[PDB]
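What follows are structure tokens for two forms of the same protein chain, given separately as structure 1 and structure 2.
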Structure 1
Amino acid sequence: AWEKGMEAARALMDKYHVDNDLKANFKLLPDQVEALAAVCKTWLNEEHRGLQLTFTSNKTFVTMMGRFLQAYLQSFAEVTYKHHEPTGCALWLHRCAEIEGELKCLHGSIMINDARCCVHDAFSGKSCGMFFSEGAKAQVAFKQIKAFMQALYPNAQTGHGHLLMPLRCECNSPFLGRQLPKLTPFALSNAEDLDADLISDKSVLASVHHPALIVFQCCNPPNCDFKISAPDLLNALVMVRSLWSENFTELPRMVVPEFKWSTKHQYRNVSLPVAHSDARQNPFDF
């Protein structure tokens, strides 16, 4: 029902006063996100001025929101597009937080070696792109997110083992290099010197117990300024859920794909010939 979501969308665009220009061209097409991001930015500025982001670009934050909102409107109106997932993310079952010292790449193969890399990198060829300079700092980052998710979702059936990772950056919208956004582990310096027996906020306790964050950046840091931390991405989902419920009450079913490895994600080394347009009917003259 294209009309349904088409309308529910303009309502939000009216309420949060989006430029009639942006407001007029939106037709709920596969990748019209600017308007929805506009709605989310105005909402944030209104009901959430105290939003602090840790290792995340503000522009990236409101863009992810737009993607998650586009997902909901589509899921609400029951609108599908043959080859387009709105969120642009996927759920990776990161088994990096179980056996200590044992990290794993997108392939499902244990990272091989202080440093760690994709088995097929003993990066190029049939690799995924995952490399870690300091393996220790990496597992800390994966443990932290596992903690954060349990603090946020205390008693849940599943979810703590997955990782809401983005599949596309501002570029994936073929090219050489990594096909997925790079995930570089960052360290939390100040968190390292706080007494763990602090305030009852368990989400903050996660960072304190594991001072490192998984930060997703552009596939190849063409490239772009895409930057966003794991927890901030999760917040981006939760906040859009809030926004939705605040206006429509019931949250429609919106499923974000479970990541399954395939050759299409492989690190691309050689290019493929692309044709340069020619304003000629015939190739040669003779």
Structure 2
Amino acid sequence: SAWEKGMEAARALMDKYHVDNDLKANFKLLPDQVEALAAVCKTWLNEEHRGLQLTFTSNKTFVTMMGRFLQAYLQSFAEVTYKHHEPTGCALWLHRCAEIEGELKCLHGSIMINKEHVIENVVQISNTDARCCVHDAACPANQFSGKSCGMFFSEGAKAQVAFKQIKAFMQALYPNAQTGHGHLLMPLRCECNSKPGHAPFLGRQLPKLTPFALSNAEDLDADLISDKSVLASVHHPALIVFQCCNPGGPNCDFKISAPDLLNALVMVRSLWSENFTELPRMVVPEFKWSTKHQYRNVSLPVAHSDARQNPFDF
């Protein structure tokens, strides 16, 4: 059986990396069973990469993600699969966000509309470079629609840097490669929508894409360096950071940067290679827009105080 083939591999890794006997014991190739895999990733990491540096991500998240990556390899190699149970929990977004200067596109594949954020002594916060989902060009300041991809940006330029960063970061890693480093390896689910059979929840249905500034302290050095991977963040002091779907209802502490995310994948490939002869062909789904992703907003009409007793005049 394929299952057995999977069990064999999973088992090797597990004994070799001394995973808690309990985990081992209660392990089948069940889709929801990622723990056991994370532990493998956890110990190995340790042993072969202690003091790993993570930019804007948490350890749980990283290991966890490594866990899914393992799970995919495991599954592919064994040739087992579970319908509606994609392992990686990520997709490949062909963001055409670094093609036109000052131009960003949202998940819809549509260019993001620019809109200023003021409208009102007071404490007026201005956002002249904000960008929104075409389907939100009508909504008030940062309120998402029922068609929105839930993708918003308060600082277009920033966000473009981050996108540029990832691109340059990937080029660094993969200089010669028949493919335009236009894809963005992004997670489609966080802790909240981790399981297919999950309590539907309002708001953003995908992890939030948020660019974090690096500059802050990073602009305090540059010229010495030679390492392409380093140069990238330096020429583009901003990173793409994915958090919870909604950082009301549920909320998780999911946090991982694009690079750390791409690094978790790479790292799983090495771990696999240090244990298995050949690396199986692992396919991260291409991102395709769908309703499944549409922002779930609840729209309720709100009352307004009228100093009147009765609604109308007669």
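Residues that one form lacks are left out of the comparison. For clarity, a rigid core is taken as the largest C-alpha set superposing within 1.5 Å between two forms. Residue numbering: structure 1 sequence, from 1.
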Only one of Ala187, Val79, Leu194, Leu152 passes the 2 Å C-alpha shift threshold between structures 1 and 2 with the rigid core fixed, namely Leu194
Note yes or no: does the Cα of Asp19 move by 2 Å or more between structures 1 and 2 after the core is superposed? no
Would you mind giving the Cα movement of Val270 between structures 1 and 2 in Å, after fitting on the rigid core? 3.5
Once both forms are fitted on the core, what is the Cα shift for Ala279 between structures 1 and 2 in Å? 49.0
Quick one: how many Å does the C-alpha of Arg253 shift between structures 1 and 2 once the rigid core is superposed? 1.1
Taking only residues present in both forms and a 2 angstroms threshold on CA movement, what segments of three or more in a row shift between structures 1 and 2 once the core is aligned? 189-200, 270-286
